[PDB]
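Enquirer:
Protein chains: 2
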Amino acid sequence: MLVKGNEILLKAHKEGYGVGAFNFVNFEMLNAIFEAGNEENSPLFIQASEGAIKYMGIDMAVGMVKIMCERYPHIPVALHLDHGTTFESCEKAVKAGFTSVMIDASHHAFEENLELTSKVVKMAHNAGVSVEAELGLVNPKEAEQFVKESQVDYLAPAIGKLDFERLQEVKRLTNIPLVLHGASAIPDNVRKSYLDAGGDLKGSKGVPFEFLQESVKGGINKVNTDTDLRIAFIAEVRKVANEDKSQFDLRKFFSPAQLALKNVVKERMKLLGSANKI
Amino acid sequence: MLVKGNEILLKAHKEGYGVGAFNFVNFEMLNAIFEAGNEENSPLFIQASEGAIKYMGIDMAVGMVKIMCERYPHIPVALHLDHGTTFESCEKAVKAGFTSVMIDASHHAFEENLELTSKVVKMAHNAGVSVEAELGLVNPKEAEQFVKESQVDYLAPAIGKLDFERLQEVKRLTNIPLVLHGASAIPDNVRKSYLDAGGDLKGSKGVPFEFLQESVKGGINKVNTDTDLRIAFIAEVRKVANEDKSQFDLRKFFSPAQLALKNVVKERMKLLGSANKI
Ligand code: NA
Ligand code: NA
Ligand SMILES: [Zn+2]
Ligand SMILES: [Zn+2]
Ligand SMILES: [Zn+2]
Ligand SMILES: [Zn+2]
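Structure representation (structure tokens):
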């Protein structure tokens, strides 16, 4: 059911696996993510950006997740604000029923980042909500101080290829769950699916699978995944548009799109190590 | 709020206007219908087919509607099962929170249609839910008996050019709200939008706007509207896919798709006479 972010990630931290954090913007994305978790027996970290929240309305973002939660009550799921930008934004998410919030203040100096993170932490912890923050390449010594002072629950350190030595140093010093941002891999089958549907990816490349695996071994426990899901989703939509010019049944477009998105999530759950962890 | 279908249609009945009954299959469709109703100050009839219920899950179908209703508490909204095909399906919609159900038994002989409709009515009225049934072209004396025996709240008479004389006789004999099925009126702007995006409608003919207006003057009060919405929506999706083969932000595909659907709903509400009726 709907649980504090730290419940899922403390366990990932202790046992040494990564929990994919999958963004959604509507019902179709959320359904395929949830079906993936059900089929892989995997905990679900559900993410909504400020943009997706404005699109849906926070009442709907939370409401739909709560419906999905009742549909699979055996799956632990956290509802997590991805890249909150202001304290007020984090407070609204907490009020709306999110069980995890990220405040991104990494563009500030250390002292200002720490003070804004600490403000969000106080508010969220008072309502029983976990907090993510961002630092950074990250200075591991200030990461150590940042975590001890802010009491944030998980940290996204800037490590990039990936600086795996820096990651192990941050992990050793902070002893908390760590988050990797922009962690989509853009797999070969998804890119081939998107190009077969006529799409163009501008030669964009993700983090290869072996580097995701190595970052989990380095101590990453939350793995932000968004871009992969969208490319796998829209490529089916583009395909359906191309092949039947008379097709306007939305289900005919989004049923295969859901299936491709679900498959990306399933595979990523297996890759990161959250498969069969319920 | 979520009200009995009869509550909305009894008012439409007494005042001689039509209320569009708009199908939905996911959040995007539902959001745009509601924004249309909010901007036209019109009551909302929201319809979900057995197919769309399967696609969403009846718990999500009702759950999303209940969230939207709290977002616009001032709007009268009925949640209606479109073309229910078994008693059991009607009973499931009633138990899940639908406030109106249609049992489609029009392929049966008069006696079996009446028997099945009556069984639905006893069940649905016990739970405070309104019932639609279907007959037919329609025999108006059959309609008069059917309505008086079944106590169904509204009836879809098969009247389709559309037989105005027959509609008026049915209206006179039954004196209940009447519903018009297959009443999408593929508007020129919408058709041009679909074709401009490379769509192919196969030369499908929609009901002329004047024939929708004449049915409302004849006593139609619920106008089933689906195809029009899906064409407008998918037209924008095809457009976004065409004009940027690197676009896979779902909001970029569906925000304009919502707006096009909303505009269809707004114009229909004005056409049928439900604008400014709250
Ligand atoms: Na985040
Ligand atoms: Na109906
Ligand atoms: Zn950032
Ligand atoms: Zn970041
Ligand atoms: Zn129909
Ligand atoms: Zn029909």
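Chains as they are written, first to last, in the entry's author numbering: chain B, 1 to 136, 154 to 177, 190 to 307; chain A, 1 to 136, 154 to 177, 190 to 307.
Just so it is clear, CB atoms sit at the ideal spot from N, CA and C, and this is done for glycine as well.
Does any heavy atom of ligand 6 sit closer than 7 Å to the C-beta of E132/A?
Expert: Not so, every heavy atom of ligand 6 lies at least 7 Å from the Cβ.
Enquirer: Chain B partners of residue 181/A, CB-CB under 8 Å?
Expert: What the structure lacks is residue 181/A: chain A is numbered 177, then 190, with the residues between left out.
Enquirer: Under the three-state reduction of DSSP, which class applies to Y171/A: helix, strand or coil?
Expert: Looking at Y171/A - three-state DSSP - the assignment turns out to be strand.
Enquirer: List, in chain order, every chain A residue whose beta-carbon is nearer than 9 Å to that of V25/B.
Expert: Within 9 Å Cβ-Cβ: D278, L279, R280, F283.
Enquirer: For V120/A, which option in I103/A, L202/A, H74/A, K158/A has the closest C-alpha, if you only look at C-alpha atoms?
Expert: Checking every option, the nearest Cα to that of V120/A belongs to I103/A.
Enquirer: Between the Cα of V77/B and those of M68/B, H83/B, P216/B, spot the shortest distance and give me the residue it belongs to.
Expert: Minimum Cα distance to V77/B is reached at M68/B.
Enquirer: On a Cα-Cα basis, can you pick out the residue from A93/A, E132/A, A124/A that is closest to residue 145/A?
Expert: What the structure lacks is residue 145/A: chain A is numbered 136, then 154, with the residues between left out.
Enquirer: Cutting at 6 Å between CB atoms, please list the residues of its own chain near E40/A, excluding the five before and the five after it.
Expert: Closer than 6 Å at Cβ, skipping near neighbours: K295, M298, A304.
Enquirer: Comparing the C-beta of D59/B with each C-beta of chain A, is any distance below 8 Å?
Expert: Yes, contact with chain A.
Enquirer: Quick one: which chain A residues come within Cβ less than 7 Å of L230/B?
Expert: Neighbours of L230/B on chain A, chain order: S275.
Enquirer: Per DSSP, which residues does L79/A bridge with? Please list them.
Expert: DSSP output for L79/A lists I46/A as bridge partner(s).
Enquirer: Is any heavy atom in ligand 4 found nearer than 7 Å to the beta carbon of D104/B?
Expert: It does: the Cβ of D104/B is within 7 Å (strictly closer) of some heavy atom of ligand 4.
Enquirer: Give me the Cα-Cα distance between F34/B and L154/A, rounded to the nearest whole angstrom.
Expert: Distance between the alpha carbons of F34/B and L154/A: 47 Å.
Enquirer: Within the segment 6-53 of chain A, note down every full alpha helix (DSSP H) run reaching 4 residues or more, in order along the chain.
Expert: The qualifying runs are 27-40.
Enquirer: With burial defined as no fewer than 16 other Cβ atoms inside 10 Å of the residue's Cβ, what is the status of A286/A: buried or exposed?
Expert: By the 10 Å Cβ count, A286/A comes out buried.
Enquirer: Nearest to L10/A by alpha carbon, out of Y171/A, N271/A, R280/A, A264/A?
Expert: Measuring from the Cα of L10/A, the nearest candidate turns out to be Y171/A.
Enquirer: So which of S222/A, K92/A, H210/A has the shortest CA-CA distance to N292/A?
Expert: With distances taken between Cα atoms, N292/A lies closest to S222/A.
Enquirer: Leaving aside the five residues before and after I307/B along the sequence, list all residues of the same chain whose C-beta is less than 8 Å from its C-beta, in chain order.
Expert: Around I307/B: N41, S42, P43, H74, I75, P76.
Enquirer: By the criterion of Cβ-Cβ separation under 9 Å, what are the contact partners of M56/A in chain B?
Expert: Correct list: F27, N31.
Enquirer: Nearest to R201/A by alpha carbon, out of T256/A, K246/A, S284/A?
Expert: The shortest C-alpha separation from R201/A is found at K246/A.
Enquirer: Whole angstroms is fine: what's the gap from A264/B's alpha carbon to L288/A's?
Expert: Between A264/B and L288/A, the C-alpha separation is close to 23 Å.
Enquirer: Residues with a Cβ closer than 7 Å to any heavy atom of ligand 5, in chain order?
Expert: Qualifying residues come out as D82/A, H83/A, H210/A, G211/A, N253/A.
Enquirer: Just to confirm the assignment, what range does the alpha helix (DSSP H) spanning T256/A have?
Expert: Note, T256/A: alpha helix (DSSP H), 256-272.
Enquirer: Can you find the residues in the same chain that come closer than 6 Å, C-beta to C-beta, to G84/A, ignoring five residues on each side of it along the sequence?
Expert: Closer than 6 Å at Cβ, skipping near neighbours: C90, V101, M102, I103.
Enquirer: Quick check: is any heavy atom of ligand 6 less than 7 Å from the C-beta of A160/A?
Expert: Flag unset: Cβ of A160/A not near ligand 6.
Enquirer: Please confirm whether any heavy atom of ligand 1 lies closer than 7 Å to the CB of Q47/B.
Expert: It does: the Cβ of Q47/B is within 7 Å (strictly closer) of some heavy atom of ligand 1.
Enquirer: What did DSSP end up calling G84/A once you bin it into helix, strand or coil?
Expert: In the structure shown, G84/A sits in a strand (DSSP, three-state: E or B).
Enquirer: Alpha carbon to alpha carbon, what distance is there between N6/A and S233/A?
Expert: Each residue's Cα considered, the two are about 33 Å apart.
Enquirer: Using only the alpha-carbon positions, how far apart do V129/B and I46/B sit?
Expert: Approximately 14 Å, taken between the alpha carbons.
Enquirer: Can you name the start and end residues of the beta strand (DSSP E) that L135/A belongs to?
Expert: Start and end: 130-135.
Enquirer: Are the beta-carbon atoms of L207/B and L79/B separated by less than 8 Å?
Expert: Not closer than 8 Å, so no.
Enquirer: Let's test the definition: count the other Cβ atoms within 10 Å of the Cβ of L30/B and tell me whether it reaches 16, buried, or not, exposed.
Expert: Looking at its Cβ environment, which holds 16 or more other Cβ atoms inside 10 Å, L30/B is buried.
Enquirer: Taking only heavy atoms of ligand 2 into account, decide whether any of them is closer than 7 Å to the Cβ of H80/A.
Expert: It does: the Cβ of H80/A is within 7 Å (strictly closer) of some heavy atom of ligand 2.
Enquirer: For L116/B, does the three-state DSSP call read helix, strand or coil?
Expert: Reduced to three states, the DSSP call for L116/B is helix.
Enquirer: Given the structure, does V208/A come close to ligand 2, in the sense that its CB is under 7 Å from one of the ligand's heavy atoms?
Expert: It does: the Cβ of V208/A is within 7 Å (strictly closer) of some heavy atom of ligand 2.
Enquirer: Using 10 angstroms around the beta-carbon of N250/B, count the other beta-carbons present and answer buried if the total reaches 16, otherwise exposed.
Expert: It counts as buried.
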